[PDB]
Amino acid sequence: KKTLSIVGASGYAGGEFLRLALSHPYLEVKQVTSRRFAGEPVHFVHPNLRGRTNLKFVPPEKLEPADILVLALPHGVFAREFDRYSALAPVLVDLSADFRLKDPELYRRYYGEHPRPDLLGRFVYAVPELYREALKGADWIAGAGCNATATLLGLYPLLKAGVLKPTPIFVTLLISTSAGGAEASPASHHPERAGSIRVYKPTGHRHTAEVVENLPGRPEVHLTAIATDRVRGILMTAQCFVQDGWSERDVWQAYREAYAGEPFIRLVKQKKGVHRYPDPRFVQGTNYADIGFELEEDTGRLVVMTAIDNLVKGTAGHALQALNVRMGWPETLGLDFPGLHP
């Protein structure tokens, strides 16, 4: 049973990890930090945790060493104060984008110059379905972007098996408002925001970098993020074309091959019934990535789909799953919630 503390636990990413860790049998949450809510019980910020823990936020200066340290700070902050936090634990799980990329110049293009460039390539990208082996020996784990996770899981098998023609792949993601974080903005005032569909980042999305670095064979991939008013969830859709000869059966085989035995991948193969395609609503609160596709026969056009809860499978859930791998614990530990219906 290991000790684990969370930096930036008042945010959505850290708070979601806090919820998950609290019901994990082999983890003991020691400290959770917050400058703003220092001294306040955690349920003051996360009401769902009312009566489930006596933890209170402490200022980060009060931070003591622990076995595992989860960093859920605003992007760029952990990198600027790396030495201070890295000394607190041998195992680091960073949910920020600070150490996700290998190429220092790719990082700069989307985030500006990295302060500790030689550190890039040391953290292992947290996508168990792709790097489980490397995660087993990773002391520094870098969580992946939510949209990146959805896009990579849906596309990886296809590119790995050479299913797609080399032409550009267009990824349109329907995202949620929690993806924007807990910090308010004029655009987020509820009556101003509810009901709106906000084109969010139509071009130049920073998750593109993550997607390109973790897909085989230098594929051309473009992203467009459109935010609906749902609070959680992501429906990733991708437009591309299959090489000639590929039937629907073949494409499923490509997925079965890449993800055979994956505990958190569900291939949605349904010919009939009401729920035939990945739908973020049903994976809400879960660590599942539901995957499906439809092949346009006469054109060869393939529409790929992947749905996940952006805060769980897209953030805290996959980070914990990866931590389970590193620690040698069953991957589903603390991540077995099935979701609800209706």
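Position 1 is the first residue in the sequence shown; the rest follow in order.
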Seminar exercise, completed: Comparing 179-187 with 144-152, the higher average Cα temperature factor in the PDB entry belongs to 179-187
Seminar exercise, completed: Higher avg CA temperature factor (305-313 vs 35-43, as deposited) belongs to 35-43
Exercise. With respect to the C-alpha temperature factors reported in the PDB entry, which of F170, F264, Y200, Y125 ranks highest?
Worked result: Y200
For this session: From the list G292, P65, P280, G285, select the residue with the highest C-alpha B factor recorded in the entry.
Result: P65
For this session: Would you check the entry's CA temperature factor for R19 and let me know if it's in the chain's lowest, middle or highest third?
Result: lowest
For this session: Would you check the entry's CA temperature factor for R193 and let me know if it's in the chain's lowest, middle or highest third?
Result: lowest
Exercise. Based on the entry's values, in what third of the chain does the Cα temperature factor of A9 lie: lowest, middle or highest?
Worked result: middle
Exercise. Would the CA B-factor of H222 place it in the lowest, middle or highest third of its chain?
Worked result: lowest
Exercise. Taking the C-alpha B-factors as the PDB entry records them, is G233 in the lowest, middle or highest third of its chain?
Worked result: lowest
